[PDB]
Novice: 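After the structure tokens below, expect a handful of questions from me.
Hydrogens, waters and symmetry mates play no part in the numbers below; they use all other heavy atoms, side chains included. Every number for a ligand or one of its atoms is a count from 1 in the order of the listing. Residue numbers count from 1 along this sequence.
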Amino acid sequence: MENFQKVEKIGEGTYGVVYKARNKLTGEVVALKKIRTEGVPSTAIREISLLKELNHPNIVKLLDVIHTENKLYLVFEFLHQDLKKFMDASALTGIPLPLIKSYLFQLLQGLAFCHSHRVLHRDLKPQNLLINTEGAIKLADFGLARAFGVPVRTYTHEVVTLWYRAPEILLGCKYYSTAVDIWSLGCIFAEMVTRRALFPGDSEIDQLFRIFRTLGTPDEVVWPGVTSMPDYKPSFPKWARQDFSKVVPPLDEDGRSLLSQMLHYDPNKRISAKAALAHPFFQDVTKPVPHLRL
Ligand SMILES: C=CCNc1nc(N)c(C(=O)c2ccc3ccccc3c2)s1
């Protein structure tokens, strides 16, 4: 790019390559995402454009939408590190509980904001949760899923992670709700606590069965309507639910209680981000500074 002097390729996102770039007009460092294709839908341009107005301290700012040369670029504020790399970096010691709690609190504020504005993320994962040196954490890519579509890999063959996908999505429900983001965040919360992914499925069915083996195969009692879902099969094995005490030790009871509410099978029974912010788990929440190696 001419208006931007690439510093480095940050990696490959859901929709295309992402670079760390410098705006030659401002000297500002940003995250430039190329959106991988037969003209670029206008409905997309308009939708995405509306996202530029979404501002909240826990949402990565979408600075600009650039549609030129029949190519589409998204310009985002640049952040220091992603949660995935931070978790890997804290693997030996684990993230201190006060920081895990601060991050969860902030992420829920982010979701509460987006959800009140009717914007869903739909693909939350450690890779798109970004942190800075001051102890803030922000969600990147809210709303892109709806505006754009749903790719198999990314754009050039790249295994898309299914680890954080809500059960209703795996069972073929076509209408997503804000609850899919709460499910993903719950999975992320568990992963910060145990230092191991909660449901590391390697295929849609493996993903679904790992969920069932832990929370029990859902039925009409715990999830009214589940047996009528598009990809539900009466032949699904019937696994008993396991005790949460065994799932996220050594998380205390308030934490376990909150997580159970974020992982309810019925999307309608799953706790909302706003209600979760009032959960007693956050009664002693603070904002610690993390030890970031940049
Ligand atoms: C982690 C250091 C780079 N700083 C970033 N700042 C922003 N704003 C980023 C992203 O918005 C982002 C989010 C998800 C990604 C997933 C794969 C590859 C690059 C990705 C980039 S990444």
Novice: Using a strict cut-off of 4.0 Å, indicate which atoms of ligand 1 neighbour a heavy atom of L130.
Specialist: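 That gives atoms 6 (N), 7 (C), 8 (N), 9 (C), 10 (C), 11 (O) of ligand 1.
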Novice: Would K33 count as a polar contact of ligand 1, with the cut-off being nitrogen or oxygen pairs under 3.5 Å?
Specialist: yes
Novice: Considering heavy atoms of the protein only, find what lies nearest to atom 4 (N) of ligand 1 and give residue, atom and distance to 0.1 Å.
Specialist: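 Protein heavy atom at minimum distance: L79 O, 2.7 Å.
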Novice: Against heavy atoms of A140, which atoms of ligand 1 measure under 4.0 Å?
Specialist: 11 (O)
Novice: Could you check atom 21 (C) of ligand 1 against the protein and tell me its nearest heavy-atom contact, residue, atom and distance included?
Specialist: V18 CG1, 3.7 Å
Novice: Would you mind checking which non-hydrogen protein atom is closest to atom 14 (C) of ligand 1, with the distance to 0.1 Å?
Specialist: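 That would be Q127 O, 3.6 Å.
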Novice: So which protein heavy atom does atom 17 (C) of ligand 1 come closest to, and at what separation?
Specialist: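 Answer, as residue, atom name and distance: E12 O, 3.3 Å.
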Novice: Need the ligand 1 atom indices (1-based, order shown) with element for anything under 4.0 Å from a heavy-atom of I10.
Specialist: 3 (C), 19 (C)
Novice: Does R146 offer a backbone N or O that forms a donor-acceptor pair with the side chain of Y176 under 3.5 Å?
Specialist: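 Absent.
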Novice: Is the gap between the ring centers of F105 and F281 under 6.0 Å?
Specialist: no
Novice: Verify, without hydrogens or angle tests, whether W183 (side chain) and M262 (backbone) share a donor-acceptor contact under 3.5 angstrom.
Specialist: no
Novice: Quick test: of every protein heavy atom, which one is nearest to atom 8 (N) of ligand 1, and how far off is it to 0.1 Å?
Specialist: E77 O, 2.9 Å
Novice: For the CD atom of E191 and the CD1 atom of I95, what is their distance to the nearest 0.5 Å?
Specialist: 9.0 Å
Novice: What I want to find out is whether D284 reaches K101 closely enough, with some N-O distance under 4.0 Å, to be called a salt bridge.
Specialist: yes
Novice: Any nitrogen or oxygen of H80 lying under 3.5 Å from a nitrogen or oxygen in ligand 1? Just yes or no.
Specialist: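 Looking only at distances, the answer is no, because the N/O contact criterion of under 3.5 Å is not met.
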Novice: What is the nearest protein non-hydrogen atom to atom 3 (C) of ligand 1, stated with its residue, atom name and distance?
Specialist: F78 CE1, 3.5 Å
Novice: Passes side chain to side chain donor-acceptor pair (under 3.5 Å), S42 versus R46? Steps please.
Specialist: CA-CA 6 Å; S42 69; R46 295 159 199 157; 3.0 Å; yes
Novice: Please check if the side chain of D82 supplies one atom and the backbone of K85 the other of a donor-acceptor pair under 3.5 Å.
Specialist: yes
Novice: Just wondering, are more than 12 heavy atoms of other shown residues or ligands nearer than 6.0 Å to CD in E69?
Specialist: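 No - once you tally the heavy atoms of other residues, nucleotides and ligands closer than 6.0 Å, there are 12 at most.
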Novice: Show which atoms of ligand 1 fall inside a sub-4.0 Å distance from at least one heavy-atom site of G13.
Specialist: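 With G13 as reference, the close atoms of ligand 1 come out as 17 (C), 18 (C).
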